[PDB]
There are 2 protein chains.
Amino acid sequence: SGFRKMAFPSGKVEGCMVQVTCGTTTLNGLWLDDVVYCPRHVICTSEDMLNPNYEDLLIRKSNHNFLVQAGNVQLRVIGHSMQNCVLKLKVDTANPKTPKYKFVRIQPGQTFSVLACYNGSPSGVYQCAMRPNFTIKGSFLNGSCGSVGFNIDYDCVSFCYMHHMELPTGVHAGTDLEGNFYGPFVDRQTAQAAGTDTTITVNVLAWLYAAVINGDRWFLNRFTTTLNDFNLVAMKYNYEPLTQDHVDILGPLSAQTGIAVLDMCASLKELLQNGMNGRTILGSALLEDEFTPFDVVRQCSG
Amino acid sequence: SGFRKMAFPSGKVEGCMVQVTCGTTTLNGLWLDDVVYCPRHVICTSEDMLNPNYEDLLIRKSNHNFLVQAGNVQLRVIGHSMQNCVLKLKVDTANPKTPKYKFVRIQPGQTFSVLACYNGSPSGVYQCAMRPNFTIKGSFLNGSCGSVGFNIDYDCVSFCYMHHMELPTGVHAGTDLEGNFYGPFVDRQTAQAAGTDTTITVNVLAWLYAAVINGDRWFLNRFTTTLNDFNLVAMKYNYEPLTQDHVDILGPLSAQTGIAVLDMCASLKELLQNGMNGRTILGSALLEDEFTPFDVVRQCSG
Ligand SMILES: O=C(Cc1cncc2ccccc12)N(Cc1cc(F)cc(Cl)c1)c1ccc(-c2c[nH]cn2)cc1
Ligand SMILES: O=C(Cc1cncc2ccccc12)N(Cc1cc(F)cc(Cl)c1)c1ccc(-c2c[nH]cn2)cc1
């Protein structure tokens with residue numbers, strides 16, 4: 001037992017991280033098969049990033065302008081194209097360490113592991129969630145761009161995130177592996193508004209279920225509620241509206257604990273309305289929304 | 001910027017995790033060079049674990065009683081010895097993937113990454129601290145035994161932890177890689193008292209420094225204090241006594257932020273005496289003690 005924020009093992013992804021330089025700028029790339037993926041603002045100078053013309057900048061660029069390094073082994077670029085906001089550099093050598101992989105575009109609420117990298121060398125690994133406003137609250141310094149987020153199913157790495165930038169508010173934004181930004185964001189250094197950041201209600205219910213599973217029971221109460229009454233309270237407290245699908249997905253944990261989803265909701269309503277009164281739940285004095293129901297099952301089942 | 005609980009990349013360790021079976025019991029082993037290390041209670045049945053005679057159980061054991069698996073590749077055991085509470089099984093094959101490694105015995109307060117494994121297959125990775133009472137608050141189900149904790153310096157894996165058991169209180173205990181339990185603990189399933197669990201004061205100061213580094217300033221006050229006055233408050237609140245060495249080690253962060261250690265202590269005294277009044281620090285409503293000053297520098301410097 002016990003319950004921690006846990007990242008996927010990062011080995012399969014470590015062996016695809018490469019260093020990518022263009023002129024003076026260096027950032028991280030992901031080498032899969034004979035293609036390196038990386039953020040397209042690698043072709044910018046610091047002057048360029050306020051209002052870059054990516055077509056015009058890329059036209060001044062030849063294959064031999066892209067330096068791609070893999071430890072000390074270094075790749076010859078033979079093709080280069082821009083797909084939305086990513087560079088796809090065709091290289092002569094297929095990655096011997098390519099896992100079985102897939103590109104996927106996750107949904108707000110869903111979680112993934114980030115392998116934070118600098119100069120193509122892995123530095124650390126942590127789990128984070130795609131917030132409802134399509135930002136992520138991560139840990140990224142300059143040069144981390146091109147780091148990726150990913151889940152692992154058995155043997156298959158599903159790449160969902162590539163890091164592009166830090167908004168002036170100090171949160172983070174990036175694309176899927178086809179170059180489409182999550183959220184309304186653009187890759188120029190400007191003032192960009194994220195939306196209101198609501199709380200991912202279903203995750204919070206999953207986290208309460210993990211709490212009961214690991215001994216923390218003090219918040220189980222004697223009330224029930226309806227889904228609509230709970231949704232009223234939820235929107236009062238800027239929570240995501242809870243739908244029938246969310247109740248379905250919480251089904252398994254409801255069954256293993258013997259606690260009906262709607263009674264967990266009554267518990268959570270009482271916590272939103274009264275606080276926690278200085279108590280703690282799984283060693284936190286806040287309500288945690290970064291565990292999906294699948295994350296709780298995978299941790300509580302092995 | 002941003003600040004997260006971040007684990008080392010786990011690849012170098014993944015390639016040493018193996019499966020180890022003896023009779024009916026299976027757990028995880030660490031294969032380095034031509035030696036597999038694993039917990040010695042692998043030689044027990046469920047009956048045996050209340051009062052095991054490890055010498056007498058091991059004498060009924062031959063090399064061919066230990067099944068060591070590496071994915072599907074399987075190792076022939078040629079030697080076996082018991083060192084304190086670990087089995088060292090000499091195998092014919094050296095691990096092609098052996099990193100440069102070292103065995104180290106960390107100190108309370110220090111942190112490491114755990115690669116939680118089942119049946120020799122890695123499941124997840126997370127960062128945790130050796131508590132002052134030599135337990136760790138981890139995430140371990142039955143079968144995780146033999147999982148290891150480790151730090152990485154450049155290219156060198158320093159193994160410090162191997163997981164043996166869960167105390168009935170739901171916290172976790174284990175050994176260094178020579179088989180010496182951290183803490184007063186024994187590998188029999190009995191009621192074992194851990195000490196009082198104090199808070200690792202120096203880590204809390206490091207975490208406040210990371211907080212200021214990332215924009216959270218609301219807790220900087222206008223008071224100062226002495227080291228002895230602060231130690232009085234600290235022991236009132238069951239904190240680790242803060243020593244000159246701790247002030248030294250906090251030096252670098254004091255310099256980068258321009259905030260004198262003793263003024264950070266005055267801040268922390270005021271937080272211990274008044275709470276946080278519903279505010280948050282780096283997205284937590286508790287005082288976090290699981291970042292060492294080195295962890296803060298490594299995250300805030302890349
Ligand atoms: O944020 C970033 C990157 C970034 C990401 N993560 C954490 C960071 C931490 C500190 C500093 C930068 C970080 N930017 C700025 C930026 C770029 C955009 F595309 C859109 C926006 Cl809103 C803002 C960046 C991007 C490119 C460059 C650049 C290109 N070649 C030379 N330099 C330089 C800066
Ligand atoms: O705790 C554990 C292991 C354990 C570790 N982590 C998380 C766990 C989560 C759930 C269950 C067990 C977990 N034990 C019991 C135990 C062993 C000791 F050595 C000392 C103590 Cl105080 C307690 C264990 C050890 C060995 C065995 C066993 C051997 N062969 C057949 N079975 C069976 C059980």
Side-chain angles (χ1 to χ4, degrees), chain A residues 1-2 21-28 39-52 54 57 85 116 118 135-136 138-147 162-175 181 183 185-194 214 300 302, chain B residues 1-2 21-28 39-52 54 57 85 116 118 135-136 138-147 162-175 181 183 185-194 214 300 302:
Chain A
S1 70
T21 308
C22 191
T24 65
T25 309
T26 291
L27 41 65
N28 306 273
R40 79 179 163 171
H41 63 57
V42 75
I43 73 172
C44 297
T45 60
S46 196
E47 176 91 289
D48 276 310
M49 286 302 315
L50 195 149
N51 186 36
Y54 281 109
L57 284 167
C85 303
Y118 302 84
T135 55
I136 64 174
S139 185
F140 289 117
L141 312 171
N142 186 62
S144 65
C145 300
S147 303
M162 175 171 268
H163 180 54
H164 275 68
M165 87 191 83
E166 192 180 280
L167 308 187
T169 67
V171 308
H172 297 110
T175 70
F181 262 98
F185 307 104
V186 290
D187 49 337
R188 56 171 285 164
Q189 181 189 285
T190 205
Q192 319 212 32
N214 280 281
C300 293
Chain B
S1 70
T21 308
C22 191
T24 65
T25 309
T26 291
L27 41 65
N28 306 273
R40 79 179 163 171
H41 63 57
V42 75
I43 73 172
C44 297
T45 60
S46 196
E47 176 91 289
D48 276 310
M49 286 302 315
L50 195 149
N51 186 36
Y54 281 109
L57 284 167
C85 303
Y118 302 84
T135 55
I136 64 174
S139 185
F140 289 117
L141 312 171
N142 186 62
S144 65
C145 300
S147 303
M162 175 171 268
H163 180 54
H164 275 68
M165 87 191 83
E166 192 180 280
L167 308 187
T169 67
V171 308
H172 297 110
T175 70
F181 262 98
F185 307 104
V186 290
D187 49 337
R188 56 171 285 164
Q189 181 189 285
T190 205
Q192 319 212 32
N214 280 281
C300 293

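Labels below follow one simple rule: chain letters A, B, ... track the order of the sequence lines, proteins then strands, and each chain is numbered from 1. Hydrogens, waters and symmetry mates are skipped; everything else that's a heavy atom, side chains included, is used. Each ligand, and each atom within it, is numbered from 1 in the order the structure gives.
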Worksheet item: Any idea how B:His163 and B:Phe140 line up, ring-wise: parallel (<30°), tilted (30 to 60°), or perpendicular (>60°)?
Response: parallel
Worksheet item: Mind checking what makes side-chain hydrogen bond (donor to acceptor under 3.5 Å, both in side chains) contact with B:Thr45, not counting sequence neighbours?
Response: B:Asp48
Worksheet item: Below 4.5 Å, heavy atoms only, C-beta onward: do A:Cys22 and A:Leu27 meet side chain to side chain?
Response: no
Worksheet entry | Listed partners of B:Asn51 passing side-chain hydrogen bond (donor to acceptor under 3.5 Å, both in side chains), at least two apart | B:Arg188
Practice prompt. With sequence neighbours left out, write down each residue that passes side chain to side chain contact (heavy atoms under 4.5 Å, CB included) with B:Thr26, or none if nothing qualifies.
Written response: B:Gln19, B:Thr21, B:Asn119
Worksheet item: Between B:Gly302 and A:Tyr118, what is the shortest heavy-atom contact and its length?
Response: O-CD1, 3.8 Å
Per-pair distances, ligand 1 N/O vs protein N/O, less than 3.5 Å:
from     : atom 1 : to       : atom 2 : distance (Å)
ligand 1 : 1 (O)  : A:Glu166 : N      : 3.0
ligand 1 : 6 (N)  : A:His163 : NE2    : 2.8
ligand 1 : 30 (N) : A:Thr25  : OG1    : 3.0
ligand 1 : 30 (N) : A:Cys44  : O      : 2.8

